[PDB]
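Summary of structural features
One letter stands for each residue in the lines below.
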There are 2 protein chains.
Amino acid sequence: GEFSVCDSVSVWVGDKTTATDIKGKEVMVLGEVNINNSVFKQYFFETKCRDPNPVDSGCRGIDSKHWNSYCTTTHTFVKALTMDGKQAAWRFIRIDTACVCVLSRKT
Amino acid sequence: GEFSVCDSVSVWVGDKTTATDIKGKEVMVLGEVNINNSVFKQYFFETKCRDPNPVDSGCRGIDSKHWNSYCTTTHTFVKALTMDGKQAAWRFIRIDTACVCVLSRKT
Ligand SMILES: [Zn+2]
Ligand SMILES: [Zn+2]
Ligand SMILES: [Zn+2]
Ligand SMILES: [Zn+2]
């Protein structure tokens, strides 16, 4: 019976308005898009950690004798129609994509 | 000095042509896109595992006494302009997003 070191959760989001852009800034995500000559809504598949606790580690199954650990949300980058001044831009926004375990060795 | 259980690698790809779609099928990814009234190329941020070996685990730092492990590439889903019959479709394709460690307990 298989499973991963950090438990994650994934959801589709379609009510997105605010996002952080590729170099750290906040931007506004528009509701709809016009690609080719069709109108589409903007969707996003996000994965967060369940237990990001940075003291009672959410990492399962570690050599805790030699190793410290926690669960962390990593990010990918997708393009989205945002708002630049006030005509739109196609820009890369950062989104939660996964939950990985991070280590450091003990003194 | 911090690091993660599985070593990953991330690259930008802009020469994508073939992809696997949301329910397992192959599709063709077009080179360019027309969003709003502007022409853009399609980009993708991909992350794979470095050591997906499923015998000498690439997972660092495990209670190997009680636990088996390997590194695996997980996937997210982004929309892209593909080719449906032969006018285009805005569809969700699967892309490598991250490298997580998977466990199973020992007999
Ligand atoms: Zn809303
Ligand atoms: Zn804000
Ligand atoms: Zn090429
Ligand atoms: Zn093919």
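Residues numbered from 1 in each chain as written, not as in the entry; some residues may be left out. Chains lettered and ligands numbered in written order. Heavy atoms only, no water.

Going by the header, the method for this PDB entry is X-ray crystallography, and the resolution given is 2.8030 Å.

**Section: the coordination of the zinc ion (ligand 3)**
Within the protein, the atoms that donate to the zinc ion (ligand 3) are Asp-15 of chain B (OD) and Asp-15 of chain B (OD), at distances of 1.8 to 2.4 Å. In this structure, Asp-15 of chain B sits in the loop between β2 (8-13) and β3 (18-21). (Donors = N, O, S within 2.8 Å, 3.2 Å for Na, K, Ca; no water. Helix = DSSP H or I, 4+ residues; strand = E, 2+ residues; numbered from the N terminus.)

**Here's the deal with the interface of chain A and chain B**
Each side of the interface is counted separately: chain A has 36 residues, and chain B has 36 residues. Between chain A and chain B, roughly 3,300 Å² of surface is buried when both sides are summed, and carbon and sulfur atoms account for 64% of that area. Considering only the surface of chain A that becomes buried against chain B, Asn-36, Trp-90 and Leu-103 of chain A emerge as the three largest contributors, covering 18% of it. In this structure, the connection of chain A to chain B is made through 0 salt bridges. (Contact = heavy atoms within 4.5 Å. Buried area = accessible area lost by both parts, 1.4 Å probe. Salt bridge = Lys/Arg side-chain N within 4 Å of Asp/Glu carboxyl O.)

**Side note on the relation of the copies chain A and chain B**
For the pair chain A and chain B, the relating rotation is 180 degrees, the translation along its axis is 0.0 Å, and the fit reaches an RMSD of 0.0 Å. Expressed as a symmetry operation, the mapping of one chain copy onto the other fits a two-fold axis. Both copies present the same face, since 100% of the interface residues in chain A are matched by interface residues at the equivalent positions in chain B. (Least-squares fit on C-alpha atoms.)

**Regarding the UniProt feature "binding site: Zn(2+) 2" (unreviewed entry) in chain A**
All names here are of chain A. Under the present numbering, the feature "binding site: Zn(2+) 2" (unreviewed entry) in UniProt falls on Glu-26. If you trace the backbone, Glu-26 turns up in strand β4 (residues 26-28). Leaving out residues up to four positions away in the same chain, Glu-26 has contacts with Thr-18, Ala-19 and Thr-20. Reaching out from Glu-26, the side chain makes a polar contact with the side chain of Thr-18 at a distance of 2.7 Å. (UniProt positions renumbered as here; feature names shortened; annotations may be inferred. Polar contact = N/O pair within 3.5 Å; in protein donor to acceptor, adjacent residues only side chain to side chain.)

**Examining the nonpolar core**
The biggest cluster of nonpolar side chains holds 20 residues, and the ones touching the most others in it are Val-5 and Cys-101 of chain A together with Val-5 and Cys-101 of chain B. Elements that contribute at least two residues to this core include exactly β8 (67-84) and β9 (87-105) of chain A together with β8 (67-84) and β9 (87-105) of chain B. Once residues within four sequence positions are removed from consideration, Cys-101 of chain B is found in contact with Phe-3, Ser-4 and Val-5 of chain A together with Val-5, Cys-6, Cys-59, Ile-62, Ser-69 and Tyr-70 of chain B. Core analysis: the next-biggest nonpolar cluster, separate from the first, contains 16 residues, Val-27 of chain A together with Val-27, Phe-44 and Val-78 of chain B among them. (Core = buried A, V, L, I, M, F, W, Y, C linked by side-chain atoms within 4.5 Å. Buried < 20%, exposed > 50% of the residue type's maximum accessible area, 1.4 Å probe, protein only.)

**Regarding the pattern of salt bridges**
Within the structure shown, the criterion is met by 8 salt bridges over all chains. Its salt-bridge partner being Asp-7 of chain A, residue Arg-50 of chain A comes within 3.0 Å of it at the nearest N-O pair. You can see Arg-50 of chain A sitting in the loop between β7 (44-49) and β8 and its partner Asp-7 of chain A sitting in the loop between β1 (3-4) and β2 (8-13), a full 43 residues away along the chain. We classify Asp-7 of chain A as partly exposed; its relative accessible area is 37%. With a shortest N-O distance of 3.9 Å, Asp-96 of chain B and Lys-48 of chain B are connected by a salt bridge. Of this pair, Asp-96 of chain B sits in strand β9 while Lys-48 of chain B sits in strand β7 (residues 44-49), and the two are 48 residues apart along the sequence.

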